Amino acid sequence: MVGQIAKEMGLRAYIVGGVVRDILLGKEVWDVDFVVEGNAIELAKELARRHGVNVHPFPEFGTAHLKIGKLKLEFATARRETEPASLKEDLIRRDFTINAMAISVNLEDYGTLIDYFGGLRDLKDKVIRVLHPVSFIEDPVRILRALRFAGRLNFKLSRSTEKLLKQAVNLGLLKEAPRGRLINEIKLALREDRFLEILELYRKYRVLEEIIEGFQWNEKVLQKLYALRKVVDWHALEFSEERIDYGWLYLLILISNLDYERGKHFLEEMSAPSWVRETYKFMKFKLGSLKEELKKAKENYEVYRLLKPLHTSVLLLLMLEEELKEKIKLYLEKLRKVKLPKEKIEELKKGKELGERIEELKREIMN
RNA sequence: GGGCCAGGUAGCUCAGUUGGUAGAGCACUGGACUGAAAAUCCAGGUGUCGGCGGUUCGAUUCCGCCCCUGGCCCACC
């Protein structure tokens, strides 16, 4: 119906940006971004009115948002910067070639891919490529983004783009860039499943040294990241119903040898979840002594005591140790399995003494 | 429209962690009190401590998804 309304209003609308990429990559998304030649606000208003839904206008930006079913739609007026702007001008201001394309929703040309800069070829050749040499200068954040994309789609930076990125970082543009944008970009990064590769690209181009104060790369942390990769794989394999956010674990491993002050500062600026802060604060100090205790563990009940109160993340960090791996595993798929019938339980009840008794019975069962 | 921090406790205004049987100040019923009423006295409702599942013998607490309010945040690729 969008093409019909665009027909009536004498306008031209196009699906634009990452969405198009995801369409050509086959990935389905419920977030659609439109670029309109002419007024996008009226298009959004009318479209929202016909489907009988609410609309959220933004006149100052010249954009509007509306939600139809599971679809989240954003209509944006074509602009030449971050006189009427042509679609080409709206596309030329973007980051990468694969992100610079468009698909016409206009009825006559409907189903046509609009690609000026050859983003189709770069999507075909698995190449992350900037539109112009000044790209990373304009928005330093794109640097991270580039790597991020190169992480997810398994693409490669062109030699041009690589030199330009390295030049951008070497000019220290990463520090001058807004902190919030960078932090949020990293937040987007750690939510990727291929985020480890993104960390390899962060290592290669050394962006984390610029963003994070005091951060350095050694081999131990890297191998720890790979061990964490295997652990995450197995855990998300068998125990997958218990899944939590894995990227934050990698983030903890990165900041592991870092100072606690800059660490708390970083988790502060990153707005990390509560359990992440708990896990980190527990890791910086109590982790060592806990490991020592798990090493001294003989009976299974002591293991239960030293494990059960802990979160899943802590246990995942305990799987780093080879000696504790089979022990933590045995704790997961075995050490907790139990129940009790009616009559017996009723006899266990014949305050806190009930709980103590129950624990005595469980420790009577284990060993 | 996406993150998080909080805040979510009575009718309003607010505290509460090693999981273990819940509180304040003013309105609410009932009776003693009155010609009626109020003050005040005795007491006692002050409540599925957001909604729904899960773990647990047991969840206001541990975790997961959602409901609401407020603020910080990005708000493009």
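A quick note on method: Cβ atoms are made from the backbone with ideal geometry, for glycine too, and the neighbour counts reach across all protein chains shown. The values are calculated or read from the model by the stated rules, or taken from the named source; no laboratory instrument gave them.
Data overview
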item: Residue within the range A:287-306 that is near RNA strand B (Cβ under 9 Å from one of its atoms), surrounded by 14 or more Cβ atoms within 10 Å (Cβ to Cβ) and either on the phi < 0 side of the Ramachandran plot or over 28 Å from the mean Cα position of the chain (by Cα) (or both) present; result: no
item: Where a residue in the range A:1-20 is on the phi > 0 side of the Ramachandran plot and its partner, wherever it lies, is of a type in the set (D, E, K, R), with Cβ under 6 Å and at least six apart; result: A:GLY17/A:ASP33
item: Residue list for the range A:113-145, filter: within 21 Å of the chain's Cα centre (by Cα), within 10 Å of RNA strand B (Cβ to nearest atom) and not in a helix (DSSP H, G or I); result: A:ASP139, A:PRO140
item: A:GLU213 vs. criteria among the acidic types (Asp, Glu) and in a helix (DSSP H, G or I); result: no
item: Of residues in the range A:311-367 being within 13 Å of RNA strand B (Cβ to nearest atom), outside any helix (DSSP H, G or I) and not charged (D, E, K, R), the one farthest from A:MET283 (Cα to Cα); result: A:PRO341
item: In the range A:237-267, the residues that are in contact with a helix residue (DSSP H, G or I) (Cβ under 9 Å, 6 or more places away or on another chain), in a helix (DSSP H, G or I) and either hydroxyl-bearing (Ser, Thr, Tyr) or within 14 Å of RNA strand B (Cβ to nearest atom) (or both); result: A:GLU242, A:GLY247, A:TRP248, A:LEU249, A:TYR250, A:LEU251, A:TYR260, A:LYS264, A:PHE266, A:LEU267
item: Residue check for A:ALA150: under 24 Å from A:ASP90 (Cβ atoms) and either surrounded by fewer than 16 Cβ atoms within 10 Å (Cβ to Cβ) or not assigned by CATH to the domain that holds A:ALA100 (or both); result: no
item: Residue within the range A:185-204 that is of a type in the set (A, V, I, L, M, F, W, C), outside any helix (DSSP H, G or I) and closer than 24 Å to A:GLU322 by Cβ present; result: no
item: Residues that are assigned to a helix (DSSP H, G or I) and more than 10 Å from A:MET366 (Cβ to Cβ), drawn from the range A:297-310; result: A:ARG305, A:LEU306, A:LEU307
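Yes/no matrix, rows are residues, columns are (1) in a helix (DSSP H, G or I); (2) under 30 Å from A:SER135 (Cα atoms):
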site	(1), (2)
A:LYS7	yes, no
A:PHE34	no, yes
A:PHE61	no, yes
A:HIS65	no, yes
A:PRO84	no, yes
A:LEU91	yes, yes
A:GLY111	no, yes
